[PDB]
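Please read the structure below before turning to the comments.
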Amino acid sequence: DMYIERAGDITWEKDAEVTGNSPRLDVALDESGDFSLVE
Amino acid sequence: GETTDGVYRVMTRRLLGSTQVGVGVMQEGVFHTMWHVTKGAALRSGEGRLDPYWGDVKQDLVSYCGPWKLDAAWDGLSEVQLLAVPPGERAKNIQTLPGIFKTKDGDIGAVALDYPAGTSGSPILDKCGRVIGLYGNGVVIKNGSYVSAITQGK
Ligand SMILES: O=C(c1cccc(F)c1)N1CCNCC1
C-alpha cells in the first residue's frame, strides 16, 4: 500500500551543480514502454 | 490529505522498513508520476486517498485526482535542471544540457544523469521552474551509465 510525503518546492536554483553530457542516440520504444538502443 | 504543489516521495511499507519506490509532482490538485513506480495502484496522503485518473503504459505515465496538467516542453537549446529526490536524501537540483533520443516517431530530449531506481518520477524543469517532463524511463549505454528520456504527457 503506497503513500506520499512532501519533499520540497519545484523551483529552478541559480548556481546548482552543473554535470552530465548530451549524447545523441537512436532509440526504439516498444509496446511495454521500454526504450532500447538501435545500431 | 496533503495537496500543496511540489515534489513528493512515493513510499511503501510492504518490504523491509519504509522503501522509496519513486517520486511525483503535485500540481493543480493532480499528482503526476511514472507508471512503473505505482503500477496504477491507489495512493495515500495522510488519511486521504488518491485514485488514478489517467494512465498509459506506453508513455509510462499516470495522473491521480484529475487529468495530466504538465504541458511545458524542452526548447531544444537550453540547459534544464533535474530536481532529483533520491531515497533517504534531500531534494537536490542538478543542471545539465540534454542530449536527444532519436526515434522513428520523432526526437525527444534526454538527460544523462544516473540515480537510484527509486528516484524515478523526479521532475525536470526549465529556467522558469516549469516541469517539462519526468525522469526515470530510458536506456543504458556501453559505459554502463544511464540516459533517461525527458518524458512529458502526450
Ligand atoms: O490526463 C489526460 C492527459 C494525458 C496526457 C496529456 C494530457 F494533456 C492529458 N487525459 C485523461 C482525460 N482526457 C484525455 C487525456
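Ligands are counted one by one from 1 in listed order, and the atoms in each one are counted from 1 as well. The sequence lines fix the lettering, A, B, ..., with proteins before strands; numbering per chain opens at 1. Below, each value reflects all heavy atoms present in this structure, side chains not excepted, and no hydrogens, waters or symmetry copies.
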For ligand 1, find each of its N or O atoms that sits under 3.5 Å from a protein N or O atom, and tabulate the pairs with distances to one decimal place.
unit_1   : atom_1 : unit_2 : atom_2 : d
ligand 1 : 1 (O)  : B/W68  : N      : 2.9

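For B/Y64, the ring pair (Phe, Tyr, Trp, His ring centres under 6.0 Å) criterion is met by no residue, not counting sequence neighbours. In this structure, A/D30 has no salt bridge (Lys or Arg N to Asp or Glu O under 4.0 Å) partners at least two apart in sequence or on a different chain. Remark: B/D51 pairs with B/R49 by the salt bridge (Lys or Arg N to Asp or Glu O under 4.0 Å) rule, at least two apart or across chains.
Of the possible donor and acceptor atoms, one in the side chain of B/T33 sits under 3.5 Å from a partner among the backbone N and O of B/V23.
Using a cut-off of 4.0 Å between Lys/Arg side-chain N and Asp/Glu carboxylate O, A/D1 and B/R44 are scored as salt-bridged. A salt bridge does not link B/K102 with B/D105: none of the charged nitrogens is closer than 4.0 Å to a carboxylate oxygen.
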